[PDB]
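The chain that follows stands alone, in the form deposited in one PDB entry, written as structure tokens.
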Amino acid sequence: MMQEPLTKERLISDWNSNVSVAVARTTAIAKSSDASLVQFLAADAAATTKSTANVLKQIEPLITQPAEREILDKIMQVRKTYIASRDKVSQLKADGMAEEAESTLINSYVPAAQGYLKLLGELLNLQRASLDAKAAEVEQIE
């Protein structure tokens, strides 16, 4: 019972950490004049990506509420926009197109990452609220 929202809270926390890491890395890539940084960080980026893939596969079978499914649907859509803009920033920086990379970071990547993190926060708060309610019942009702 309780372990359901507990497990989902932990998985979503890992996911949120992965996105925060990826945002810091993409920000550093976009602000560095070094066109080679993308390739230097490719292995780290791949580890972050695969970590999130693992989280997603674990979260999917645990989704039990319509609200969770709607939020997750929105997350996956926003995530598509985020991935496209992240990849565009990396491509432009690798090609030395610093100005266009900045335009993309500001107009596309930042809003997508912010929406991504906001929706992850909503799903996380959903789990935390369910778990907090059950924990309060267990403590008080005893």
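Note that residue numbering begins at 1 and tracks the sequence as displayed. We call the rigid core whatever largest set of C-alpha positions still superposes within 1.5 Å between the two forms.
Same protein, other form: the form deposited in another entry, not shown, and the subject of what follows.
**Student:** Which residue in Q65, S32, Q58, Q39 stands out, with a C-alpha shift of 2 Å or more between this form and the one not shown when both forms are set on the rigid core?
**Tutor:** Per the superposition, the moving residue is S32.
**Student:** Quick check on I75: with the core superposed, does its CA move 2 angstroms or more between this form and the one not shown?
**Tutor:** No; that C-alpha moves by less than 2 Å between this form and the one not shown.
**Student:** Aligning on the rigid core, do we see the C-alpha of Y116 shift 2 angstroms or more between this form and the one not shown?
**Tutor:** Result for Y116: no, shift under 2 Å.
**Student:** If you line up the core, does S85 shift 2 angstroms or more at its C-alpha between this form and the one not shown?
**Tutor:** Yes; that C-alpha moves by at least 2 Å between this form and the one not shown.
**Student:** By 3 Å or more, the Cα spacing of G115 and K31 differs in the other form; is it closer or farther than in this view?
**Tutor:** Residues converge in the other form, at least 3 Å closer.
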